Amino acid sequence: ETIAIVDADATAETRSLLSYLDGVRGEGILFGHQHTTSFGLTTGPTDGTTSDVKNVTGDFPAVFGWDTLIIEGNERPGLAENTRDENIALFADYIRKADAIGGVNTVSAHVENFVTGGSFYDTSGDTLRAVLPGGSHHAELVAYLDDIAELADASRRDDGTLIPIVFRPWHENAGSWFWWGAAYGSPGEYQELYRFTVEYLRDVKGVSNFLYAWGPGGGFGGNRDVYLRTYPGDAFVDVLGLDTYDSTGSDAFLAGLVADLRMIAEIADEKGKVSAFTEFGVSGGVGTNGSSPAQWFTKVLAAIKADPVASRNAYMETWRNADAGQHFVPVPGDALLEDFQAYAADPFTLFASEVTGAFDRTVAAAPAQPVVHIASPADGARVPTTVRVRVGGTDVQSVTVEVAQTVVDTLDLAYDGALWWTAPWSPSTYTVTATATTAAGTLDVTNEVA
């Protein structure tokens, strides 16, 4: 078997996981839970071995979700008193335990606001643009990504084998609740953020156990044009996702959801990639500060199962069981408990003990697709600066840039020794076209800038 994978030199276990995730589509959907062994309402103090899901269904989820907030010391097992390095050691320990249980690990990144010192919910500071290549706070993103690379390398089985992780950075960017969202950067600025993240981890740090997930949000009504507006590209994404919460349980909701789920499944099928329901749940959760829409879990599942295309999604993850006010997996006292248990007992939903042959497959990577993109200035950006061009997946002889408004400037770039071909530029709508002469032929790309 030969598969399209973002990291063409990913570990055998990592290519196996991507193979497994595609093959499971339409046969069964893996249930996922965020912080499943680190936050619980029925577990007592957590140590990476107990889960609310296990306690109420008799099995751990098939997908264990985590966050880089652990590294920051803002979420258990991470502690604010700890160094980032000991938080990383705790993080890797919990991933190791999940793997031993038989689950698949996924990691999101609720990244701190580098500019303001605030949280991921602080949308001031112009932080997205500040962390892009050439940005005033770019070094801080680099430091943050180094910690992630460190975590990836610490995530090893007892025998030394790297545990595959589905890394899902910069999620829900079609909305504006996070500082990396749609109101704080053009689609092109977001794309360069995502591309840089992949390239820094894979190419500069040599991370080999990552699959890359991208999930811009939910509620697209099956509109591919809106959904793919911020699509980073085939060379950057392994898993296409969708994040949708509801508390109505209405026919209108389920119809819109099915439309989005078949949309992502079609796109993934066409591209030879995987699609997944990356986040789902009752809005506000199922606790005292949430809702109990009648039979919500089984209604969602029935709507998915009834559709032969919508059901072609590898996993569906719900959110963290923080406290009585805010939790997403029902516990005794919650009206939705029995319905979740019914959802869990459905043969279509897969839990930890039902995950088999995920990591031991023999599969080859398709050769990496050659790419060129202008990292600065990003498409849609407002502009002395440095033009940065990335050429990946091939040997490069030269890179030339033409600025047009009629051509007003021609730049010959030089390789910087690590990532970009660059040149100085001293600049009402410019067109910036990069042309790379490579061993895979001529590649070009055009960014439009104000």
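Each residue number is its position in the shown sequence, starting from 1.
- Counting the deposited residues that fall between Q405 and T406 and carry no coordinates gives a value of 1 to 3.
- Coordinates are absent for 4 to 9 residues of the deposited sequence placed between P427 and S428.
- The mean C-alpha temperature factor is higher for 437-445 when 19-27 and 437-445 are set side by side.
- Taking the PDB entry as given, 362-370 carries the higher mean Cα B factor of the two stretches 362-370 and 89-97.
- Highest CA B-factor among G134, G281, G218, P308, as stated in the entry: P308.
- Per the PDB record, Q397 has a higher Cα B-factor than any other of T37, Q397, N55, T68.
- Annotation for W420: C-alpha temperature factor in the middle third relative to the rest of the modelled chain, per the entry.
- Split the chain's modelled residues into thirds by C-alpha temperature factor. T116 is in the middle one.
- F277: CA B factor in the lowest third of modelled residues in this chain (values from the PDB entry).
- In the PDB entry, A62 places in the lowest third of its chain by CA B-factor.
- Annotation for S176: C-alpha temperature factor in the lowest third relative to the rest of the modelled chain, per the entry.
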